[PDB]
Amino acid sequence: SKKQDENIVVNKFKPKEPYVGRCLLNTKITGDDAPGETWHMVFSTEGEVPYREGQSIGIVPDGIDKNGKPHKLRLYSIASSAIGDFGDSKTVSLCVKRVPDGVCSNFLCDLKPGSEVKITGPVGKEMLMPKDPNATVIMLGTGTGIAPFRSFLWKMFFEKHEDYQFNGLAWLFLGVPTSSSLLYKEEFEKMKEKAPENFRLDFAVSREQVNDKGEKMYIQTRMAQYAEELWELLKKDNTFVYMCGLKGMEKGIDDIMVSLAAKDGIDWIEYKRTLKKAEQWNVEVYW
C-alpha cells in the first residue's frame, strides 16, 4: 500500500496471555497548573512487541471488575518510534491523560518504575506512516492525539534511516486548552529548528489564544489561518492527512472543510470518503 505495511505485526499478544513488560520511566509532562495531567511513561519490551509508527498497544490494568473478572484492555497510541526513546528497539512509550474515575488511565500514571505492566497487541492498521519519503504528511492532533505524531516525527527527524530519508513536508497542528497542557513542545521546537524547510508547526491553545474575529483558538481555528493553502495541498496525490485525539475534534475540522469544499462545489462528506478510500485521510479519535 501507500503506507508502511511491509509484513506488519498486529495481535502478537492477546488479553489472555499478554506480554508482561516493566515500567522504566513515568514522568508527568503537563505543568502543575494544567487542567488535568498527562504522563509519559516508558516500558521494557526487550524487542518482543514488533510495533510500528502509528500502531497502538493494549494495557490490561491490574484489578477486578464488578462481576469478579479481570479488566478489559484499553488501547493507547504508541508515543515512541519503532526504535523507541532509547534507540535500542527494546522499549515502548505512551502518553496517558489521567481521567477521573478511570481504571486504566489512573493505573498507568500511578505506575512506579519496576512495577510490571500487562501489554497486548500491537494493534493498528490505519495510522501507519506513508511509504513516500517526499510525501506531505499533515498531522492533526489534540492532547493525547500527539502520541502517533511524536512516533512519526521521531522517525522523520530524530533518526538516521537509509530506507527512509524524509524530505517532504511534515505539518503538525496540536490543540490543547492551556500552554501547561502542551505535550512535547520542546521536541517539536528542536525539530522545526533542525528541519526548517521540511517541518511546519502550529499550536492551538483554546483557553489562551484567540483569532482575528476573537474566537477561541481550537485546532480547526488555527487550521483556518492556512485554509486556502491546506485545501490546495489536500488536492495533491502525495498528501496524507492524519487525525488523532479526542472524539469531539472531528466535528470542528469537518465544519471548516465543509465551507472550503462548498466554494469549489464539492460536498466534503463525499470528498473525505474518496480521500479515506485513497488512504490520504486517516482518523483515529476516542471518547
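Don't overthink the numbering: it's just position in the shown sequence, from 1.
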- Item | Higher-B stretch (mean Cα B-factor, as the entry records it), 154 to 162 or 92 to 100 | 154 to 162
- Pick between 118 to 126 and 137 to 145: the one whose mean CA B-factor in the entry is higher. 118 to 126
- Quick tally, chain-level thirds of C-alpha B-factors: residue 248 sits in the middle
- Could you look up the Cα B-factor of residue 171 in the entry and say which third of the chain it sits in: lowest, middle or highest? lowest
- Ordered by C-alpha B-factor within the chain, which third holds residue 36? Give me lowest, middle or highest, please. middle
- Query: Compared with the other modelled residues in the chain, in which third is the CA B-factor of residue 16?
  - Reply: highest
- Taking the values exactly as deposited, rank residue 206 by C-alpha B-factor within its chain and report the matching third: lowest, middle or highest. middle
